[PDB]
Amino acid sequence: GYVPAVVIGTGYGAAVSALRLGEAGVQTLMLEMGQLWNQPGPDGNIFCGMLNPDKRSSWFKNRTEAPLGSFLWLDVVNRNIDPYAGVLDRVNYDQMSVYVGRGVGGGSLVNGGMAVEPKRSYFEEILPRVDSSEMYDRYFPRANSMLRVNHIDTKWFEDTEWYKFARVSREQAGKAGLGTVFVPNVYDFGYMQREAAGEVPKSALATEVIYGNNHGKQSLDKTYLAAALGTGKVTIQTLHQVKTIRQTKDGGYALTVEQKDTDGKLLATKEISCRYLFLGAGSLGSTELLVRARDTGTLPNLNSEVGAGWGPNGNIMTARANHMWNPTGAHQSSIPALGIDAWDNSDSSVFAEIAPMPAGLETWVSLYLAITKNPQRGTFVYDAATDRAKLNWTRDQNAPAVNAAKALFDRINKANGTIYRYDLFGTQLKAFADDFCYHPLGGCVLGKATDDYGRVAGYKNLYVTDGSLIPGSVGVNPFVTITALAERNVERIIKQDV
């Protein structure tokens, strides 16, 4: 049926948009292809942990997979599973695997919670048409408050066994003249301290994050989406995937929407129409919908920039072997708290998470997720034969990202007399994982596929809200930027258009 506003997806861009629409009195329907994650499963928990993955871990796969970096220790717990509407989707393209969340809350369900504002000078470089003063004065603060960002207690961090891994990398980086920074988070650090004291059920301290956190993590279902539902003007329909978008002959937009069960069986195909249409299906999902609509003729006035300008936020994973005297600990919180900030906006820039590992026994490995500045971009092209967007990215396009990560970690290895691990990402010698992405950015870039507020070029009352807007790189973990930009955009849209 008809609803004034439809929001596709329930990640960061979608959740912000729906809250503000509802507060403005606009009846809004959110369509989410994944589940509402609120049913206790066979272990009594909503989500599986990293040491007990089951079908809940995976979006329609037939075998569980180890978290990247941990195959050597966690393959032993992998099992065959029924294809199911699980929470983490590894989306495989030709030469890149992009990991995304599936469910009410999108990537907020599966992410590490790291809530980081980009460097203002870098923001100004990547988005020169946007007023940076409003962003830093108004929208970034609004996002940090709404997201429930909080900060780890430094004394607890210094003392706890659960962050030994972070302190070891801090010390090693320091010998190379590199400093660390604390990373704010949406995981409640007060709750985490109580986990360590045995006072509340563990989640971060029980090897949970990438398949969801049963406690502690303030994902969007608890923050923006709860508030959106609280307006009385927003509803969310789950296991509903939008397939096609057209402009109706009488104005507005019409969607074909498939309803499935959790086994992926098609239950119904529905037509849903609206006056205002907001895409929050992610870098992958929003871009796919729009390239499909352009190339199948249902939104024929979309421009050539739709599909373009994708990058993986310079994501590279690597690992160092510590000296025997620098164990990283068997007990590592699943939520990172420290990063190495070597980002100066130059091509050598690196901002690297000090990543925990879930093995639960001593391995001496330090793991890092580097964010780099690599100008290479890919393009989503529509394949009409299979009705899918394909991402034209090649592995060699990550060479500059590998080079920057390697130059930084080579400094740390030189200062400490350590070497890389070469065995964490497959049997072939490979110290740098260069074909994954947790932070997909672009495909519907702000100001190129859209105007400076995400209004899709060629169309009225059609908006993109999410990571597809960002031009490939933000230099930090991206969700705070997506959230703040979405706050800016929807406020202007409600004022001028609605």
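So that the term is clear: the rigid core is the largest set of C-alpha atoms that superpose within 1.5 Å between two forms. Numbers follow the displayed sequence, beginning with 1.
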Quiz item: Taking RMS over all structures and residues, which stretch has CA atoms farther from the shown form in 6 other deposited structures of this protein, 246 to 254 or 73 to 81, after a rigid core fit?
Solution: 246 to 254
Quiz item: According to the deposited model, is the average Cα temperature factor higher in 310 to 318 or in 410 to 418?
Solution: 410 to 418
Quiz item: Going by the B-factors listed in the PDB entry, is the mean over the C-alpha atoms higher for 377 to 385 or for 108 to 116?
Solution: 377 to 385
Quiz item: Taking the Cα B-factors listed in the entry, which of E134, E208, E288, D89 comes out highest?
Solution: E134
Quiz prompt | Residue with maximal Cα B-factor (values as given in the PDB entry) among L277, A228, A197, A401 | solution = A197
Quiz item: Against its chain's modelled residues, does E32's Cα B factor rank lowest, middle or highest third?
Solution: lowest
Quiz item: Compared with the other modelled residues in the chain, in which third is the CA B-factor of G458?
Solution: highest
Quiz prompt | Third of chain Cα B-factors occupied by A204 | solution = lowest
Exercise. Sort the modelled residues of this chain by their C-alpha B factor and say whether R63 lands in the lowest, middle or highest third.
Key: middle
Exercise. Name the third of the chain's ranked CA B-factors that contains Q259, choosing lowest, middle or highest.
Key: middle
